[PDB]
There are 2 protein chains.
Amino acid sequence: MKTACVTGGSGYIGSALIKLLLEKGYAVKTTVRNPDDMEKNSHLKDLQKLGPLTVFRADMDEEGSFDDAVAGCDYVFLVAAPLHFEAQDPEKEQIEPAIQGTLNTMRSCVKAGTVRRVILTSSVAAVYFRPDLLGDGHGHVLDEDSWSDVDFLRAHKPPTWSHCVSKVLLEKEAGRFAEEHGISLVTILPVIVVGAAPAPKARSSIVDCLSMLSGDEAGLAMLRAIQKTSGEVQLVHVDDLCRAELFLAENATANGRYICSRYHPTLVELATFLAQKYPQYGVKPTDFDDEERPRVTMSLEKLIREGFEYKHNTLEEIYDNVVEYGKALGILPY
Amino acid sequence: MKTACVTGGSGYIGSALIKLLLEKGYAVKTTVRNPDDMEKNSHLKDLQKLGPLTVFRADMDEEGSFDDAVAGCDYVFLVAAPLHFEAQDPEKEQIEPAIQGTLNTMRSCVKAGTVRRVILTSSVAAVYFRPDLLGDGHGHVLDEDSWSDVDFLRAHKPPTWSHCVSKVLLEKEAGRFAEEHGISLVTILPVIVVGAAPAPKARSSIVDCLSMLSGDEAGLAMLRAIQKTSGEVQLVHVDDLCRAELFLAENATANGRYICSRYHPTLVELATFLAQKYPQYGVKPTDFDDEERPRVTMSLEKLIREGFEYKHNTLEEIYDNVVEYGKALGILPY
Ligand SMILES: NC(=O)c1ccc[n+]([C@@H]2O[C@H](COP(=O)([O-])OP(=O)(O)OC[C@H]3O[C@@H](n4cnc5c(N)ncnc54)[C@H](OP(=O)(O)O)[C@@H]3O)[C@@H](O)[C@H]2O)c1
Ligand SMILES: NC(=O)c1ccc[n+]([C@@H]2O[C@H](COP(=O)([O-])OP(=O)(O)OC[C@H]3O[C@@H](n4cnc5c(N)ncnc54)[C@H](OP(=O)(O)O)[C@@H]3O)[C@@H](O)[C@H]2O)c1
Ligand SMILES: O=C1C[C@@H](c2ccc(O)cc2)Oc2cc(O)cc(O)c21
Ligand SMILES: O=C1C[C@@H](c2ccc(O)cc2)Oc2cc(O)cc(O)c21
């Protein structure tokens, strides 16, 4: 009955969100960059079996190309995002495109006239970078009023700086635009996302949350960096993320931005669990021993306050199906 | 101006509840077993400088003795509770009298005819003892549907068994009674309570949370027992518990039982924080190193879903003032 658009149907979170929407009885429209690439989009034919799913070609770099996909939709889930750290001139190759691609899609929402709410998928990368609070030696609970320090990041350009800046600025810009055109925009801010999805060529979070099993050095360094900063990592099941996105679309009183997170283990806790549950990978939990650090953690309360309920609540439930996904994707060798 | 009764004004939580009630403009009646004991009850004189405070004598074993104190009260906070010392017949000396004493006070609430709500202070001792969830080696999140297993406890009588059975049965019987007599009963279930209160003789109530600084062997054993069971401990600040109790009395939609908890450190996290903030006590965090264990934790969501907010959200804030209190009580030498 109601219709929704999901940008980046070939993506990890995008594919999972399409599945939820179809299961929930939505007509769905999704965009990919090359609808003919079955290497990336073989899942779309399968998803079509669950309900009305229509595929469009669109590129965030190409103005107006989202017009057709967004037309008629009651809800638009802005999931697709450049990402890809690369380097060189991040300001012109990551940040500016990130901002413009977002406004590109926003304008299609205005053109459609039908869009009752836009859900923007951002990231706690736009929340956590508070150099006043990291390194003061105290614990902190960061909430939705916390914004990553764009000025400090541009001045000092630490690792992943363009990523946090991209997210902060595209969120601010989309909110300004939504303000100006009287469109309702809600933003969700996930932590590390765990779990299986329809997408056949995903990597993204799966590499990181599986890095103790694969030994992938980039993912391992990412996990250790988060813990050295926060004293913990933060995790959420992809299906809870998708349900939170739909919750925010459907509940009229939802407003502003929302952290989405459920379980906050130390790496030693996470490695201990993984080594017991999946001994075939040889995880050594002592590889992740660390002194206790003050906790700089994310508040889970806003979604809870507004009535949302997570279904994957223990560490084991958060890891209920990601290993098999990683195997199928070749991220894990067996 | 509404009027509220707190049973057991001499006690740790009771004195803190009275203080909050006066600050929020309530007239307060409280009970002690010997109003003439001004050593034990000096704080009640002090608190009278905040607002109307009236002391009554009453005893849970003495039928009717609470009549005068609850009379004319809008709300009644049932806080008083027996200390519980190893008894030859726990059923006859502890469990049955805990039920009867609770009913005794319930009756006085009915008799008053004015009691909008009764708030029962209990504890997660009535929640956590689950032979399946504790022994199955998996992580779990317990919520307010979880009750300690009275039959298993009577069958195997582990340590503290009588304390849990007492809490479970007295809560069940008080709800039975409240149903039949048409009086609203809400129950709060705190975890370990930390922080300063007005009571001058409350030594025994904060022994555990300071045991790392004091070396109190009984307190250390309790902390380790809980960690052995749950993989962590659970803490809440006494002032958040008091604020939660007031919230549950004042908000008509509140119903049933509520866990009250905020911060769940491992012992090594707790010890590390204490060692650095209060080095003068020679805490050795390595004394508390431990294997990562499946987390059997408490859900914090019910109070949050209903709009309550905690003010002591970091480990440091939860410990913001308890050390000075322990000095004043003589738990800590300096
Ligand atoms: N995964 C996590 O742990 C996590 C955590 C926090 C936040 N998030 C946020 O959630 C969003 C989706 O994350 P993901 O893990 O699903 O990443 P993903 O699998 O790489 O999906 C990203 C999608 O964006 C599309 N895309 C990129 N540039 C495009 C362009 N110019 N035009 C059209 N489409 C374009 C991509 O299509 P192509 O494949 O054709 O390039 C891809 O399908 C991201 O914004 C992420 O930052 C994720
Ligand atoms: N302290 C914590 O960390 C914590 C944590 C979770 C739950 N709780 C629960 O909160 C409740 C209050 O705890 P608390 O720490 O405040 O203990 P407390 O300081 O010992 O206060 C309990 C009060 O009960 C009174 N009392 C005992 N028997 C009585 C009787 N027969 N008649 C009248 N009064 C009687 C006592 O007054 P007398 O001096 O006259 O005996 C005492 O003041 C308890 O049920 C506890 O189980 C406490
Ligand atoms: O954008 C983010 C945020 C990042 C993060 C998590 C926790 C934290 O405290 C800080 C940053 O984790 C991620 C992990 C991914 O695989 C892909 C992502 O896009 C991201
Ligand atoms: O009633 C309880 C329950 C106990 C507890 C906390 C957490 C847990 O997981 C299990 C039991 O903590 C306490 C600590 C006290 O000083 C006094 C108490 O009366 C109690």
Side-chain angles (χ1 to χ4, degrees), chain A residues 7-16 31-34 37 40-41 58-62 65-66 78-84 97 101 121-125 163 167 188-194 197 199 201-206 208-209 236 238 241 260, chain B residues 7-16 31-34 37 40 58-62 65-66 79-84 97 101 121-129 142 160 163-164 167 189-194 197 199 201-202 204-209 219 222 225-226 229-230 232-236 238 241 260-261 296-298:
Chain A
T7 66
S10 57
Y12 174 52
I13 283 150
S15 66
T31 71
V32 300
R33 271 201 263 200
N34 177 11
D37 181 3
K40 246 186 211 191
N41 300 308
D59 193 309
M60 270 161 103
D61 300 332
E62 188 188 313
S65 61
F66 286 84
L78 293 175
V79 180
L83 301 173
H84 189 260
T121 301
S122 192
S123 150
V124 292
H163 185 67
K167 297 296 206 217
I188 188 153
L189 308 153
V191 299
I192 303 163
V193 176
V194 183
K201 295 300 175 194
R203 298 306 187 275
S204 63
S205 203
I206 287 79
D208 307 316
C209 72
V236 74
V238 65
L241 172 57
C260 187
Chain B
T7 64
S10 316
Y12 175 46
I13 290 157
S15 68
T31 70
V32 301
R33 293 207 271 176
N34 187 344
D37 184 344
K40 178 134 119 193
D59 188 314
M60 271 176 332
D61 305 320
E62 186 195 331
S65 59
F66 291 79
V79 187
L83 263 281
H84 262 71
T121 301
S122 185
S123 97
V124 300
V127 171
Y128 89 101
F129 212 98
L142 273 56
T160 84
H163 180 72
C164 302
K167 297 298 213 230
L189 311 153
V191 298
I192 296 170
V193 178
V194 188
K201 301 300 176 194
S204 82
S205 297
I206 70 179
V207 154
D208 48 13
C209 67
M222 196 33 151
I226 293 168
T229 306
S230 275
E232 69 188 23
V233 302
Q234 304 92 18
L235 314 169
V236 66
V238 65
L241 167 62
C260 191
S261 188
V296 180
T297 192
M298 307 284 178

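Note that ligands are numbered from 1 as they come in the structure, with each ligand's atoms numbered from 1 the same way. Here is the naming used below: chain letters follow the sequence lines, and residue numbers restart at 1 for every chain.
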A/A80 N/O to ligand 1 N/O under 3.5 Å: no
Protein contact of atom 12 (O) of ligand 4 - nearest heavy atom, named by residue and atom, plus distance: B/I192 CG1, 3.8 Å
Any non-hydrogen protein atom less than 4.0 Å away from atom 37 (O) of ligand 2: no
Check: A/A58 N/O within less than 3.5 Å of ligand 1 N/O: no
Check: B/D59 N/O within less than 3.5 Å of ligand 2 N/O: yes
4.0 Å protein heavy-atom contact status of atom 6 (C) of ligand 4, strictly under: yes
Heteroatom proximity flag, B/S10 to ligand 2, N/O under 3.5 Å: no
Minimum-distance protein heavy atom relative to atom 17 (C) of ligand 4: B/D208 OD2, 4.6 Å
Top protein contact for atom 11 (C) of ligand 4, by heavy-atom distance: B/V124 CG2, 4.0 Å
Check: B/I192 and B/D208 side chains under 4.5 Å, non-hydrogen atoms: yes
Under-4.0 Å protein heavy-atom contact, atom 33 (C) of ligand 2: yes
Backbone or side-chain N or O of A/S123 under 3.5 Å from ligand 1 N or O: no
A/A202 near ligand 1 by a heavy-atom separation under 4.0 Å: no
Candidate with minimal heavy-atom separation from atom 15 (O) of ligand 1, of A/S204, A/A16, A/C209: A/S204
N or O contact, A/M60 vs ligand 1, cut-off under 3.5 Å: yes
Ligand 1 N/O within reach of A/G14 N/O, cut-off under 3.5 Å: no
Atom 9 (O) of ligand 4 - nearest protein heavy atom and its distance: B/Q234 OE1, 2.8 Å
Selection from B/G11, B/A81, B/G8 by shortest heavy-atom distance to atom 24 (O) of ligand 2: B/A81
Test of proximity, B/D208 against ligand 2: N or O pairs below 3.5 Å: no
Option with minimal heavy-atom separation from atom 6 (C) of ligand 1, where the choices are A/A125, A/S15, A/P190, A/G101: A/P190
Contact with ligand 4 for B/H84, non-hydrogen, under 4.0 angstrom: no
Ligand 1-proximal atoms of A/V191, by part, heavy-atom distance under 4.0 Å: backbone
